[PDB]
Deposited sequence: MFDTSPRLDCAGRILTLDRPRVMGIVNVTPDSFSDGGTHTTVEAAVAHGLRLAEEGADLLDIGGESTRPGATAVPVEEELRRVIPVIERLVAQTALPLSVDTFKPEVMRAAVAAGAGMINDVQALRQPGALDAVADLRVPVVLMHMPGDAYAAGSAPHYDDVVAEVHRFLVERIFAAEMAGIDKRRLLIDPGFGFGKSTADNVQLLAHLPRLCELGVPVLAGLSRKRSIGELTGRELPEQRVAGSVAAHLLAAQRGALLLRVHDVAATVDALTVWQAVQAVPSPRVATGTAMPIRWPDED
C-alpha cells in the first residue's frame, strides 16, 4: 500500500483517506480557519488541505503561513498546502506543511525544482470547459506526462499522487465520465485523489443550487470515487464522508 511521508507525518493509503478542506480566503480570518481545521480533525480527517488562493505570493503567504504554523502545533495530522506557486510551496513546507496540492501539476516555472528539494508528497492535478474527444484518455495522457516530468526532475514516484481535477474545465458529463472510468486512472501506479466536494456538477446532477445543499450528493460521489479506486477524498463534509466510508468498509470486509 502507498505510504506517504508528509514531512515526518505518515499517511498510509491502505484504505481511502479523508482530506479536510480548510479555506483561508487578518487575525480573525486566521482564527476562523484554524478553528475549522481543528473541527475537521475532531471529525476524523486524515489530512488537512490549506488553501489561500482561488493574488501575489506575499499575500498568499500572509493568509496560509499563520494557519499552517498554528495547525502543525495544535494537530498531529499531516498538512497539505493548496498552491501552484513555488515560493509558497517552499515557505509553507518551512512553516510545517507536509504535502503540496498543486492544481497546475508542477507546470509553474520552477515548481519541479522547488518540490524536488522538499521531499514532501505532491498532488499532480489535471486542469486544461474545452471540447474533449476522449476526456478519460486525455486526462490519463496528461497525468502520465506529469508523473514522468516529476520523475525526470528527481521527484520519487512514491511521493506522487494524481487527481483528475473534477470541475476544472470539465462539463457535468466529463466529470461523470471521469468518475465512472476512475479505475483506468488507478493503473498509473500512483494513489488517486478525488475532489467532488459540493461542486457544480454534483449540483447539476441533483438540482441543488447552493454548495451546502450538495452534501448528500457529494458524500455519495466520494463513496463511489472510493469504490472506483480513489485512495484520498478532498471534502468539506468530513464527519459525513467518514461515516459513509466506515459503513462501506464494514460491508467490504465480509468474505
property	result
Regions left out of the model, expressed as runs of the deposited sequence counted from 1	1-4, 30-37, 67-73, 148-155, 283-300
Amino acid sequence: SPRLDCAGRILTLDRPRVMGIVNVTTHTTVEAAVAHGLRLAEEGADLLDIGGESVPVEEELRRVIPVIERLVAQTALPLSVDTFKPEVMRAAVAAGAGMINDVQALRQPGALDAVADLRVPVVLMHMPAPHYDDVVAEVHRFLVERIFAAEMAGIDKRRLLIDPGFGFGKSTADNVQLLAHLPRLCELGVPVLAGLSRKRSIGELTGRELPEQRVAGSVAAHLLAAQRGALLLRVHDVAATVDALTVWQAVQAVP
From here on, numbers count along this sequence of modelled residues.
item: Higher-scoring stretch by recorded Cα B factor average, 225-233 or 58-66; value: 58-66
item: Higher-B stretch (mean Cα B-factor, as the entry records it), 74-82 or 113-121; value: 113-121
item: Highest recorded Cα temperature factor - choice among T206, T29, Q213, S218; value: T29
item: Of the residues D163, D102, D133, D174, the one carrying the largest Cα B-factor as recorded; value: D133
item: B-factor third for the C-alpha atom of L13 within its chain; value: middle
item: Assigned third (lowest, middle, highest) for the C-alpha B factor of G154; value: highest
item: Record-listed C-alpha B factor of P128: chain third; value: highest
item: Ranked C-alpha temperature factor of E187 among modelled chain residues, by third; value: highest
item: Third of the chain, ranked by Cα B-factor, where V93 sits; value: lowest
